[PDB]
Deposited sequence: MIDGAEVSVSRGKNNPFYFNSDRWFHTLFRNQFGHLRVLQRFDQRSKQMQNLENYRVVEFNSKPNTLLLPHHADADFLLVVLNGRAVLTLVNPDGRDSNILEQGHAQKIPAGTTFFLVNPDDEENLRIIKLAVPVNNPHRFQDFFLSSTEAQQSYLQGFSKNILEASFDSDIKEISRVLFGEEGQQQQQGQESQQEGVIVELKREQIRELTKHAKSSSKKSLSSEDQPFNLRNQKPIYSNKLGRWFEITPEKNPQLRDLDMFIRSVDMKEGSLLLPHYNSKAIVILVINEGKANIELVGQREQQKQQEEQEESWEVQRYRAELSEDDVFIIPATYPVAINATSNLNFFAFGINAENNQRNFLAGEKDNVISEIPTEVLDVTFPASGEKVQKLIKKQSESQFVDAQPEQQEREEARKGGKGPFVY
């Protein structure tokens, strides 16, 4: 059978599965729903949450910290990310394709320095106190959320700050703002931009696979400490419409892919819903949707438009890409004849012959 869209567990449609935590004229912050909820075939993803952030030009996400580690990737645009610690501040500008880990509890803030290009960010979260959920703690005081300092008693805030509660409530609490995302004057932005491990960029190196129809960029834990702690890989691949990414599977990594821009059909061959029968999963992906590719499941992606997609690899270290067709990295073709002769009905010379036909690799026609 072919589980499609609606009843397909791995397809995560944007405007249905995301939950908006905040939204206004300058941006929105929404969280994808829990994975494990939908299927035990994704049990091990329960410790992770996907977060999407949209920010209009010249705006700022007020200071706050969550109780989760954060892998931050910039899908489109450029933002100035700032981390502050009890002993010091640290800022960097991030171009599209850049990433950076945000230790759990690190107060920080973002601003879209640009004057007309929007900011799009994907965030992989890993909660501390509870595997399935995290808590943002906002320092600011706005009509939307309340400052966390406002959670302490007068006696404390008074002693802590040395001042009558009144002087405090005036300066720090109730002339404010209405949301956690506020616009700034270009003068102000220019101010906090003269400062701008540390952020690294996936699309800044020899891609892994490449050809007329598409290129594949990937960065692994082996070559990056921040990535090695999360034990995960970043991956970004763009294909021309009409392209096909040949059926392949990841050795042990579980993949969370998000569609940056473009359209595409995905075919995933996996487990049904303790037998050996295999079921097919299909879905049409579009901008922002999320699709989960379980470890070892064979998958094929078809770009029915010029698209580019980001993928997080959970449980990545020493993961391998096994292509079931084509020349490069084609496990199928490493099986000695005498075996595939018995594997498939046809004769080994015939099966092989069939295999060796498609002289292309990874990114072919359609």
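K.L.:
Where the model has no C-alpha, note the corresponding stretch of the deposited sequence, numbering from 1.
P.N.:
Coordinates drop out over 1-7, 182-192, 215-225, 303-311, 405-424.
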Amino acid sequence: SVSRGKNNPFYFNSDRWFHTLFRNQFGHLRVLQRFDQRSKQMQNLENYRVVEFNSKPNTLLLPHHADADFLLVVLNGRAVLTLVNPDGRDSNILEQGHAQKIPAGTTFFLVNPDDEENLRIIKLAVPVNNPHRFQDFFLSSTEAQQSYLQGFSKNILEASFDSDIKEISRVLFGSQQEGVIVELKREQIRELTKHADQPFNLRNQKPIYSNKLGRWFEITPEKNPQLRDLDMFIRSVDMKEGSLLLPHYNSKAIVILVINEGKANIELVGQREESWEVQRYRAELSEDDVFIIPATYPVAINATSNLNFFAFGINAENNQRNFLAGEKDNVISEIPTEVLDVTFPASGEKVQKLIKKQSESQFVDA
From here on, numbers count along this sequence of modelled residues.
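K.L.:
Read off the CA B-factors in the entry, average them over 27-35 and over 43-51, and name the higher stretch.
P.N.:
Mean B over CA atoms: larger for 27-35.
K.L.:
Would you mind comparing 301-309 and 66-74 for me and telling me which has the higher average C-alpha temperature factor in the entry?
P.N.:
It is 301-309 that shows the higher mean C-alpha B-factor.
K.L.:
Among 174, 294, 105, 262, where is the Cα B factor highest in this entry?
P.N.:
Result of the comparison over 174, 294, 105, 262: 174.
K.L.:
Among 122, 230, 168, 139, where is the Cα B factor highest in this entry?
P.N.:
Within the set 122, 230, 168, 139, 168 shows the top C-alpha B-factor.
K.L.:
If you rank the chain by CA B-factor, which third does residue 127 end up in: lowest, middle or highest?
P.N.:
Ranked within chain, residue 127 CA B lands in the lowest tercile.
K.L.:
With respect to C-alpha B-factor, does residue 317 fall in the lowest, middle or highest third of the chain as deposited?
P.N.:
Lowest third, going by the recorded CA B-factors of the chain.
K.L.:
Name the third of the chain's ranked CA B-factors that contains residue 150, choosing lowest, middle or highest.
P.N.:
Its C-alpha B-factor, which the entry lists for residue 150, ranks in the middle third among residues of this chain.
K.L.:
What third of its chain, lowest, middle or highest, does the C-alpha temperature factor of residue 217 fall into?
P.N.:
CA B-factor rank for residue 217: middle third.
K.L.:
By the record's CA B-factor, is residue 192 among the lowest, middle or highest third of residues in the chain?
P.N.:
Within its chain, residue 192 is a highest-third residue by C-alpha B-factor, going by the deposited values.
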